[PDB]
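Single-structure report; data block below.
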Amino acid sequence: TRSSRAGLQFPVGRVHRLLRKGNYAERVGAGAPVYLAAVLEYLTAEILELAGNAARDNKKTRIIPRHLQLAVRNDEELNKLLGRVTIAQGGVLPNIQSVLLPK
Amino acid sequence: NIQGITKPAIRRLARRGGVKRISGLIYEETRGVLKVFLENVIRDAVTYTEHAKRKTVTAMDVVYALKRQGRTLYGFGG
Amino acid sequence: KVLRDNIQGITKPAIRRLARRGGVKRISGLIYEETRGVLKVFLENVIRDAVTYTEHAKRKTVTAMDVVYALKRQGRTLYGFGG
Amino acid sequence: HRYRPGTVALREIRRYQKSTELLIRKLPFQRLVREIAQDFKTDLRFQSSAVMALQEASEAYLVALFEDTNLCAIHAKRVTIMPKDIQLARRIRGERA
Amino acid sequence: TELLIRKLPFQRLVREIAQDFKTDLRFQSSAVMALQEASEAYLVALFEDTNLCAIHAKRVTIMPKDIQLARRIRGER
Amino acid sequence: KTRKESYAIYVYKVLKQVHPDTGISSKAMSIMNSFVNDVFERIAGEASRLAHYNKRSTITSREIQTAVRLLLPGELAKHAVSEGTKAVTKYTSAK
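Residue numbers (the authors' numbering), protein chains in the order written: chain c, 16 to 118; chain f, 25 to 102; chain b, 20 to 102; chain e, 39 to 135; chain a, 58 to 134; chain d, 28 to 122.
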C-alpha cells in the first residue's frame, strides 16, 4: 500500500481515485492524494480526540453524536470550520442569558 | 395539518433555544416560518427526485437540498 | 518606509457619510472606533485570501482578479473588475 | 405550594439544552411534510431517513432562529420574544426580504 | 454612487494590512479599487442592519451594541 | 447486495491511535463519514478552482496545500500543512 509508505491510516488509493472521478481536473499529481489523505486523517484525529475527551467528561465509553457536537461547538476553530453544519441529534450547548436568570 | 405543530412543541423548541417568555402570536409566526423553510427544502428535494426519475424522495435528495440552501446536515450519508 | 496607525486614515466624516448612505440619521460617539475595527477585520480576511492566491500565483503583485476571487470566497461576489 | 412564574421555564431550559431528542412528535410533522410535498408532485413516497433528516434540519434551524430571536428581544430590554423579534432576526439574516 | 472613503488613506491602510501578512507586496490600482468597492458595499449594508437594530430598540441613534447584535445575527465573528 | 463504501474503518483506527480504550456509535460513525466527505469536497473543489485560476492542468500537492490554507482557520491550517508536508515527504522517501 501507499498509506504504509506515507505513514497514514487513511487510504491513499481511495482518495486518488475520488480525485480522478470527481472531475476536479484533467490530470492529478502523485503527491496530491497523499497530502489530502494526511489532512483528512489529522482533521478527524482532532475531532475524535476532542469527542473522546467529551465522552470521558460525560462518562461514556462509546462516542455518541452529542459528544461530537460538544467537541465542535466548544472548540472555537472547529466551530468556525463547521459554521454552516448542523449535526443530527447534536443539540446545543448549555447557555442561559444573564438577564433571564433569577435575581 | 400545519396546526399539527403544537404550541407546546414550539415552546419546547424555544426552550432548547434559550427562550424564557413567549408571546401568543409567536406560535403562528413560527408555523409560518417553518412552512416557508420546509417549502423551500422540499421543493429542492423534489426537483432532485424528479431529475432522478424516482417516485420516492430519498434522503440523499434531502441532503443535497440542504447543501444547496447552505444548511448542511450530517448523519444521513453525506 | 514604515506604516503605522493608518486605520485612523478612516476619518470620522468618512464613516459618517458611509452611515448616511446606510440610512443612519443619528450616530453615537464610540461607533467610529467600532467601524474601524469591523473594517479592519473585513480587510484582514479579504486580503489574507488575496495574498494566498497571489502566493500560489508566484507573483509579487496583487492583481484585481485575486481580490475578486477572495471576495467570491467570502460569499461577497463582486461585479465590475473581471471574473 | 406554587413555583413563582419564570422558574420552571428556566428548569425546562436546563432540561432541554442537556438533551438532544427531537421535540416535535413524529407523525404530525411527517403528515405536514407529506402535505407540503403533495403540492409539488403527486403520488410521492418518502424514505423514513429522508423524513428524519428533514426533521433534524428543521428543528435545528428553529432552535438557531429562536436563539437569535431571544438575543433580539434582550437587545430591546425585553424578556418575551414577540413576532417583530423573529421578523428583525430573519431580515438581518437575509432570508426574509 | 461615488465613493465616500478617501482613496489615499484607504490605500495606505491596505498596504499596511498586506505588509503584516507578507512583505514586499505590490498592488494593481484596480485591485485596490475593487477592495474599496467591496469594503464600502459591506459597511453600507452593515450600517443598514445597524439602523434596523437601533429602531428595534425604540431608539434613533445607532450604538455599538447594535452592530454587535447585527454581526452576531449575520453569523460573523 | 450492493457494496457501498465508507471511511469507517480508517476513522476507527485513527480513534484507537488517539483514544485506544474508546468506542463510537453507528450514527456517530455516519457523522464522521459525512464530515470527511464534506471536507474532501471542499478542499478538492478549492484546488480545482485554483487550477482554473492559474490556467494549469494538474491538481498537485501545492494546490491542495494552498486550498487547505485557504479553507481552514489559522492554527488547524498550520497543523494541516505540517502533516501534509510530512506525509508527502515520507511517501517520496519510500517507493
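Here a beta-carbon is modelled for each residue, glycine too, at the ideal position from N, C-alpha and C.
Among the CB atoms of chain d, one or more fall inside 8 Å of the CB of f:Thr96. The Cβ atoms of d:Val95 and d:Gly111 sit closer than 8 Å to each other. Sequence-ordered contacts of the segment 28–43 of chain f with chain e read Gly28, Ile29, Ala33, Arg36, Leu37, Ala38, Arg39, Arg40, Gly41, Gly42, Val43 [C-beta pairs closer than 7 Å]. Under the Cβ distance rule, c:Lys95 counts among the residues neighbouring chain d, one pair being separated by less than 8 Å. Cβ proximity to chain d below 7 Å picks out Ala70, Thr76, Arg77, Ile78, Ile79, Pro80, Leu83 from the segment 69–88 of chain c. Look at c:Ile62: its C-beta is not under 8 Å from any C-beta on chain e. The count of Cβ pairs closer than 8 Å, one atom from the segment 100–109 of chain c and one from the segment 29–36 of chain f, stays below three, leaving the stretches out of contact. Less than 8 Å separates the beta-carbon of c:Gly67 from that of d:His46. Chain order gives no chain e residues near a:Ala95, where near means a beta carbon separation below 8 Å; the closest approach is about 17 Å.
Counted as a single uninterrupted DSSP element, the beta strand (DSSP E) harbouring c:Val100 occupies residues 100–102. Interface with chain f (8 Å Cβ-Cβ cutoff): e:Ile130 is excluded. In the three-state reduction of the DSSP assignment, a:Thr107 falls in the helix class.
The C-alpha of b:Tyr98 lies about 19 Å from the C-alpha of a:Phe84. By the Cβ neighbour-count rule, f:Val87 is buried, with 16 or more other Cβ atoms within 10 Å of its own. At the C-beta level, d:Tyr37 and c:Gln24 come within 8 Å of one another.
For the pair f:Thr73 and e:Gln76, the Cα-to-Cα distance works out to about 13 Å.
For f:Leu97, there is no enclosing alpha helix (DSSP H); the residue is found in the beta strand (DSSP E) stretching over 96–98.
Residues of the segment 43–58 of chain e whose Cβ lies closer than 9 Å to any Cβ of chain c, in chain order: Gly44, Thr45, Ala47, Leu48, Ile51, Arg52, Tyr54, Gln55, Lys56, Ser57, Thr58. For a:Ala91, no Cβ of chain e is located within less than 8 Å of the residue's own Cβ. Residue environment: d:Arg83 is assigned as exposed (fewer than 16 neighbouring CB atoms within 10 Å of its CB, all protein chains considered).
Selection e:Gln68, e:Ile130, e:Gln93 evaluated against a:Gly132 yields e:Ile130 as nearest (Cα-Cα).
With respect to the C-alpha of c:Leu96, the residue from d:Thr49, d:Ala55, d:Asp65, d:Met56 having the closest C-alpha is d:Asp65. When secondary structure is reduced to three states using DSSP, f:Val86 falls in the helix class. Around the C-beta of f:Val43, 16 or more other C-beta atoms lie within 10 Å, and the residue is accordingly described as buried. Not flagged as an interface residue toward chain e: a:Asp81, since no C-beta distance is shorter than 8 Å. Shown here, d:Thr49 sits in coil according to DSSP, grouped into three states, outside any helix or strand. Nearest Cα to d:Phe67 within the set c:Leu34, c:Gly28, c:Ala60: c:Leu34. Contact check for e:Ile119 and e:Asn108: beta-carbon distance about 6 Å, within the 8 Å limit, so the pair qualifies. Distance from the Cα of b:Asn64 is smallest, within the candidate group b:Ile46, b:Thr54, b:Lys79, b:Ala89, for b:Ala89. The beta carbons of d:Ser88 and c:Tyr50 sit about 4 Å from each other, so the pair counts as a contact at 8 Å. With respect to f:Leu58, e:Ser86 sits apart: the two C-beta atoms are not nearer than 8 Å.
Per DSSP, reduced to three states, the secondary structure at c:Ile78 is strand.
Between c:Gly44 and d:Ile86, the gap from beta carbon to beta carbon is short of 8 Å.
Annotation for b:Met84: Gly101, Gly102 place their beta carbon closer than 7 Å to its own, counting only its chain and skipping 5 residues before and after. Secondary structure at c:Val54: helix, using DSSP grouped into helix, strand and coil. Against d:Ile58, the close residues of chain f are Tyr98, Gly99, in the order they occur along the chain (beta-carbon pairs closer than 7 Å).
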